[PDB]
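As stored in work-v6.pdb (PDB, C-alpha atoms):
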```
ATOM      1  CA  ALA Y   1     -28.607   1.786 -12.704  1.00  0.00           C
ATOM      2  CA  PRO Y   2     -25.575   0.044 -14.279  1.00  0.00           C
ATOM      3  CA  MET Y   3     -23.194   3.023 -14.628  1.00  0.00           C
ATOM      4  CA  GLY Y   4     -20.045   2.990 -16.807  1.00  0.00           C
ATOM      5  CA  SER Y   5     -17.299   0.418 -16.205  1.00  0.00           C
ATOM      6  CA  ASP Y   6     -13.802   1.802 -15.418  1.00  0.00           C
ATOM      7  CA  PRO Y   7     -12.396   3.974 -18.239  1.00  0.00           C
ATOM      8  CA  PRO Y   8      -8.890   5.515 -17.963  1.00  0.00           C
ATOM      9  CA  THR Y   9      -8.398   8.956 -16.347  1.00  0.00           C
ATOM     10  CA  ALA Y  10      -6.995  12.226 -17.725  1.00  0.00           C
ATOM     11  CA  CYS Y  11      -4.199  12.589 -15.121  1.00  0.00           C
ATOM     12  CA  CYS Y  12      -1.132  14.770 -15.787  1.00  0.00           C
ATOM     13  CA  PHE Y  13       2.195  12.873 -15.900  1.00  0.00           C
ATOM     14  CA  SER Y  14       4.354  16.018 -15.749  1.00  0.00           C
ATOM     15  CA  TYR Y  15       4.058  19.818 -16.121  1.00  0.00           C
ATOM     16  CA  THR Y  16       5.348  22.640 -18.346  1.00  0.00           C
ATOM     17  CA  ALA Y  17       8.500  24.517 -17.220  1.00  0.00           C
ATOM     18  CA  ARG Y  18       7.539  28.178 -17.777  1.00  0.00           C
ATOM     19  CA  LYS Y  19       4.694  30.217 -16.245  1.00  0.00           C
ATOM     20  CA  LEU Y  20       2.149  31.022 -18.979  1.00  0.00           C
ATOM     21  CA  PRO Y  21       1.754  34.838 -19.340  1.00  0.00           C
ATOM     22  CA  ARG Y  22      -1.749  35.963 -18.320  1.00  0.00           C
ATOM     23  CA  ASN Y  23      -2.051  36.955 -21.996  1.00  0.00           C
ATOM     24  CA  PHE Y  24      -1.826  33.191 -22.710  1.00  0.00           C
ATOM     25  CA  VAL Y  25      -4.478  31.756 -20.349  1.00  0.00           C
ATOM     26  CA  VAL Y  26      -8.138  32.471 -21.191  1.00  0.00           C
ATOM     27  CA  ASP Y  27      -9.332  29.635 -18.934  1.00  0.00           C
ATOM     28  CA  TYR Y  28      -8.251  26.432 -17.165  1.00  0.00           C
ATOM     29  CA  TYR Y  29      -9.347  22.924 -16.184  1.00  0.00           C
ATOM     30  CA  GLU Y  30      -8.606  20.611 -13.201  1.00  0.00           C
ATOM     31  CA  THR Y  31      -7.612  16.920 -13.483  1.00  0.00           C
ATOM     32  CA  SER Y  32      -9.639  13.974 -12.135  1.00  0.00           C
ATOM     33  CA  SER Y  33      -9.293  12.425  -8.658  1.00  0.00           C
ATOM     34  CA  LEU Y  34      -8.977   8.643  -9.120  1.00  0.00           C
ATOM     35  CA  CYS Y  35      -5.226   8.967  -9.708  1.00  0.00           C
ATOM     36  CA  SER Y  36      -3.495   9.994  -6.455  1.00  0.00           C
ATOM     37  CA  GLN Y  37      -1.878  12.912  -8.374  1.00  0.00           C
ATOM     38  CA  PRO Y  38      -4.339  15.529  -9.707  1.00  0.00           C
ATOM     39  CA  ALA Y  39      -3.086  18.888 -11.029  1.00  0.00           C
ATOM     40  CA  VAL Y  40      -4.369  22.176 -12.506  1.00  0.00           C
ATOM     41  CA  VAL Y  41      -4.529  22.538 -16.311  1.00  0.00           C
ATOM     42  CA  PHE Y  42      -4.326  26.018 -17.916  1.00  0.00           C
ATOM     43  CA  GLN Y  43      -6.112  26.568 -21.264  1.00  0.00           C
ATOM     44  CA  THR Y  44      -4.097  28.899 -23.578  1.00  0.00           C
ATOM     45  CA  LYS Y  45      -4.700  30.506 -27.005  1.00  0.00           C
ATOM     46  CA  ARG Y  46      -2.145  28.703 -29.261  1.00  0.00           C
ATOM     47  CA  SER Y  47      -2.270  25.270 -27.668  1.00  0.00           C
ATOM     48  CA  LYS Y  48      -5.005  23.506 -25.730  1.00  0.00           C
ATOM     49  CA  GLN Y  49      -4.385  22.650 -22.065  1.00  0.00           C
ATOM     50  CA  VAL Y  50      -1.120  22.672 -20.029  1.00  0.00           C
ATOM     51  CA  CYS Y  51      -0.628  20.828 -16.734  1.00  0.00           C
ATOM     52  CA  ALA Y  52       0.793  22.883 -13.837  1.00  0.00           C
ATOM     53  CA  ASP Y  53       2.155  21.835 -10.420  1.00  0.00           C
ATOM     54  CA  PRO Y  54      -0.309  23.267  -7.807  1.00  0.00           C
ATOM     55  CA  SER Y  55       2.780  23.582  -5.575  1.00  0.00           C
ATOM     56  CA  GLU Y  56       3.842  26.716  -7.492  1.00  0.00           C
ATOM     57  CA  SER Y  57       2.274  29.767  -5.809  1.00  0.00           C
ATOM     58  CA  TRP Y  58       1.887  31.506  -9.196  1.00  0.00           C
ATOM     59  CA  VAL Y  59      -0.421  28.657 -10.224  1.00  0.00           C
ATOM     60  CA  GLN Y  60      -2.702  29.313  -7.248  1.00  0.00           C
ATOM     61  CA  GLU Y  61      -2.540  33.058  -8.024  1.00  0.00           C
ATOM     62  CA  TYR Y  62      -3.621  32.679 -11.673  1.00  0.00           C
ATOM     63  CA  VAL Y  63      -6.460  30.396 -10.532  1.00  0.00           C
ATOM     64  CA  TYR Y  64      -7.654  33.096  -8.149  1.00  0.00           C
ATOM     65  CA  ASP Y  65      -7.635  35.656 -10.970  1.00  0.00           C
ATOM     66  CA  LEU Y  66      -9.724  33.234 -13.058  1.00  0.00           C
ATOM     67  CA  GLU Y  67     -12.258  32.879 -10.219  1.00  0.00           C
ATOM     68  CA  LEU Y  68     -12.694  36.667 -10.173  1.00  0.00           C
ATOM     69  CA  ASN Y  69     -13.197  38.234 -13.630  1.00  0.00           C
TER      70      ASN Y  69
ATOM     71  CA  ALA I   1       5.353  24.359 -36.249  1.00  0.00           C
ATOM     72  CA  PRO I   2       4.251  25.268 -32.691  1.00  0.00           C
ATOM     73  CA  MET I   3       2.526  22.005 -31.667  1.00  0.00           C
ATOM     74  CA  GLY I   4       0.199  21.684 -28.644  1.00  0.00           C
ATOM     75  CA  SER I   5       1.443  22.531 -25.143  1.00  0.00           C
ATOM     76  CA  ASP I   6       1.251  19.720 -22.531  1.00  0.00           C
ATOM     77  CA  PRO I   7      -2.324  18.485 -21.940  1.00  0.00           C
ATOM     78  CA  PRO I   8      -3.045  15.741 -19.352  1.00  0.00           C
ATOM     79  CA  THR I   9      -2.943  12.042 -20.356  1.00  0.00           C
ATOM     80  CA  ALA I  10      -5.616   9.322 -20.285  1.00  0.00           C
ATOM     81  CA  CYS I  11      -3.674   6.912 -18.017  1.00  0.00           C
ATOM     82  CA  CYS I  12      -5.456   4.176 -16.030  1.00  0.00           C
ATOM     83  CA  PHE I  13      -5.191   4.522 -12.225  1.00  0.00           C
ATOM     84  CA  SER I  14      -6.499   1.009 -11.499  1.00  0.00           C
ATOM     85  CA  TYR I  15      -8.271  -1.897 -13.253  1.00  0.00           C
ATOM     86  CA  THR I  16     -11.536  -3.866 -13.060  1.00  0.00           C
ATOM     87  CA  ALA I  17     -11.568  -7.091 -10.979  1.00  0.00           C
ATOM     88  CA  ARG I  18     -13.384  -9.552 -13.277  1.00  0.00           C
ATOM     89  CA  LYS I  19     -12.457 -10.764 -16.780  1.00  0.00           C
ATOM     90  CA  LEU I  20     -14.996  -9.373 -19.272  1.00  0.00           C
ATOM     91  CA  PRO I  21     -16.753 -12.258 -21.125  1.00  0.00           C
ATOM     92  CA  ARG I  22     -15.870 -12.252 -24.841  1.00  0.00           C
ATOM     93  CA  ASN I  23     -19.589 -11.508 -25.298  1.00  0.00           C
ATOM     94  CA  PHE I  24     -18.819  -8.175 -23.560  1.00  0.00           C
ATOM     95  CA  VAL I  25     -15.814  -6.891 -25.559  1.00  0.00           C
ATOM     96  CA  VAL I  26     -16.463  -5.744 -29.147  1.00  0.00           C
ATOM     97  CA  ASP I  27     -13.173  -3.813 -29.249  1.00  0.00           C
ATOM     98  CA  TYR I  28     -10.436  -2.259 -27.092  1.00  0.00           C
ATOM     99  CA  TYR I  29      -8.067   0.699 -26.764  1.00  0.00           C
ATOM    100  CA  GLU I  30      -4.524   1.161 -25.343  1.00  0.00           C
ATOM    101  CA  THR I  31      -3.468   3.967 -22.952  1.00  0.00           C
ATOM    102  CA  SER I  32      -0.879   6.670 -23.722  1.00  0.00           C
ATOM    103  CA  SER I  33       2.867   6.452 -22.993  1.00  0.00           C
ATOM    104  CA  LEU I  34       3.865   9.665 -21.180  1.00  0.00           C
ATOM    105  CA  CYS I  35       2.792   8.184 -17.837  1.00  0.00           C
ATOM    106  CA  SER I  36       5.190   5.373 -16.844  1.00  0.00           C
ATOM    107  CA  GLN I  37       2.133   3.075 -16.407  1.00  0.00           C
ATOM    108  CA  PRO I  38       0.170   2.374 -19.621  1.00  0.00           C
ATOM    109  CA  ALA I  39      -2.469  -0.386 -19.728  1.00  0.00           C
ATOM    110  CA  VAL I  40      -4.949  -2.050 -22.118  1.00  0.00           C
ATOM    111  CA  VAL I  41      -8.558  -0.785 -22.189  1.00  0.00           C
ATOM    112  CA  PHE I  42     -11.391  -3.129 -23.289  1.00  0.00           C
ATOM    113  CA  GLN I  43     -14.477  -1.574 -24.950  1.00  0.00           C
ATOM    114  CA  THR I  44     -17.715  -3.377 -23.892  1.00  0.00           C
ATOM    115  CA  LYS I  45     -21.409  -3.129 -24.883  1.00  0.00           C
ATOM    116  CA  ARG I  46     -23.059  -1.715 -21.699  1.00  0.00           C
ATOM    117  CA  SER I  47     -20.264   0.565 -20.546  1.00  0.00           C
ATOM    118  CA  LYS I  48     -17.513   2.320 -22.465  1.00  0.00           C
ATOM    119  CA  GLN I  49     -13.891   1.343 -21.769  1.00  0.00           C
ATOM    120  CA  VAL I  50     -12.388  -0.737 -18.904  1.00  0.00           C
ATOM    121  CA  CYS I  51      -8.711  -0.693 -17.913  1.00  0.00           C
ATOM    122  CA  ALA I  52      -7.002  -4.100 -17.590  1.00  0.00           C
ATOM    123  CA  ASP I  53      -3.615  -5.103 -16.124  1.00  0.00           C
ATOM    124  CA  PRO I  54      -1.504  -6.383 -19.100  1.00  0.00           C
ATOM    125  CA  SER I  55       0.085  -8.719 -16.522  1.00  0.00           C
ATOM    126  CA  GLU I  56      -2.994 -10.982 -16.680  1.00  0.00           C
ATOM    127  CA  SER I  57      -2.456 -13.588 -19.421  1.00  0.00           C
ATOM    128  CA  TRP I  58      -6.186 -13.548 -20.269  1.00  0.00           C
ATOM    129  CA  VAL I  59      -5.783  -9.878 -21.197  1.00  0.00           C
ATOM    130  CA  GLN I  60      -3.059 -10.724 -23.719  1.00  0.00           C
ATOM    131  CA  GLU I  61      -5.230 -13.602 -25.008  1.00  0.00           C
ATOM    132  CA  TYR I  62      -8.311 -11.425 -25.638  1.00  0.00           C
ATOM    133  CA  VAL I  63      -6.077  -8.880 -27.403  1.00  0.00           C
ATOM    134  CA  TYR I  64      -4.804 -11.615 -29.703  1.00  0.00           C
ATOM    135  CA  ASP I  65      -8.376 -12.639 -30.536  1.00  0.00           C
ATOM    136  CA  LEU I  66      -9.131  -8.989 -31.371  1.00  0.00           C
ATOM    137  CA  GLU I  67      -6.116  -8.842 -33.718  1.00  0.00           C
ATOM    138  CA  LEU I  68      -7.486 -11.849 -35.619  1.00  0.00           C
ATOM    139  CA  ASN I  69     -11.203 -11.594 -36.501  1.00  0.00           C
TER     140      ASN I  69
END
```
How would this structure read if it were set down as structure tokens?
Amino acid sequence: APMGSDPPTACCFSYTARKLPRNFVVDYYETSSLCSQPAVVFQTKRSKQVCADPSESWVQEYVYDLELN
Amino acid sequence: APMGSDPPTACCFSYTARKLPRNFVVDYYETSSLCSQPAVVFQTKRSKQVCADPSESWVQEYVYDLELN
């Protein structure tokens, strides 16, 4: 059926500059795909969501910890 | 006070390919600014929002009509 048209896309334009302490990341969220530059988004406690360069190994590590417990 | 962190940004990655008939644009919405590539978003009746290249004169014209009545 006629699906949506072509809305924008929540793509990160940059990233923070400090690794969020595990005590500051209760969850996370990934970007879209349309834009050729997706990224991982960490959800904290006194903020909302923070973009993170997947190129930083610590980002992949925190994601793994979130996949576990 | 401690504002938000650095959430993603609703930036358009592309644009439709056909001018939306005036009978298909009851309103519109502009993108953010963080990303060096903002754009205008038209709100239709059987969709939601559609990105549009501000380089197309018809896009600037429809925006003017929306600023009037």
Please compute the CA of residue 52 in chain Y-CA of residue 39 in chain I distance, one decimal, in Å.
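Atom-to-atom, CA of residue 52 in chain Y to CA of residue 39 in chain I, that is 24.2 Å.
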I:43, I:64, I:24, I:49: which is nearest chain Y, counting all atoms listed in the file?
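Under the stated criterion, the closest residue is I:49.
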All residues 10 Å or closer to residue 8 in chain Y, only C-alpha atoms, same chain fewer than 5 positions away omitted, as an mmCIF file with C-alpha atoms, in the coordinates of the input:
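Resulting contents of part.cif:
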```cif
data_model
loop_
_atom_site.group_PDB
_atom_site.id
_atom_site.type_symbol
_atom_site.label_atom_id
_atom_site.label_comp_id
_atom_site.auth_asym_id
_atom_site.auth_seq_id
_atom_site.Cartn_x
_atom_site.Cartn_y
_atom_site.Cartn_z
ATOM 1 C CA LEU Y 34 -8.977 8.643 -9.120
ATOM 2 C CA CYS Y 35 -5.226 8.967 -9.708
ATOM 3 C CA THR I 9 -2.943 12.042 -20.356
ATOM 4 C CA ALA I 10 -5.616 9.322 -20.285
ATOM 5 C CA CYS I 11 -3.674 6.912 -18.017
ATOM 6 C CA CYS I 12 -5.456 4.176 -16.030
ATOM 7 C CA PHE I 13 -5.191 4.522 -12.225
ATOM 8 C CA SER I 14 -6.499 1.009 -11.499
ATOM 9 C CA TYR I 15 -8.271 -1.897 -13.253
ATOM 10 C CA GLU I 30 -4.524 1.161 -25.343
ATOM 11 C CA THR I 31 -3.468 3.967 -22.952
ATOM 12 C CA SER I 32 -0.879 6.670 -23.722
ATOM 13 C CA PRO I 38 0.170 2.374 -19.621
ATOM 14 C CA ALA I 39 -2.469 -0.386 -19.728
ATOM 15 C CA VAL I 40 -4.949 -2.050 -22.118
ATOM 16 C CA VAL I 41 -8.558 -0.785 -22.189
ATOM 17 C CA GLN I 49 -13.891 1.343 -21.769
ATOM 18 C CA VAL I 50 -12.388 -0.737 -18.904
ATOM 19 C CA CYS I 51 -8.711 -0.693 -17.913
ATOM 20 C CA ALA I 52 -7.002 -4.100 -17.590
#
```
Target residues per the PyMOL selection byres ((chain I and resi 45) around 8), formatted as a list in words
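Applied to this file, the PyMOL selection byres ((chain I and resi 45) around 8) selects residues 24, 25, 26, 43, 44, 46, 47 and 48 of chain I.
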Answer as a ChimeraX atom specification, residues within 10 Å of (-10.5, 35.8, -14.0) using only C-alpha atoms
/Y:22,25-27,62-69
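Straight-line separation from CA of residue 59 in chain Y to CA of residue 20 in chain Y: 9.4 Å.
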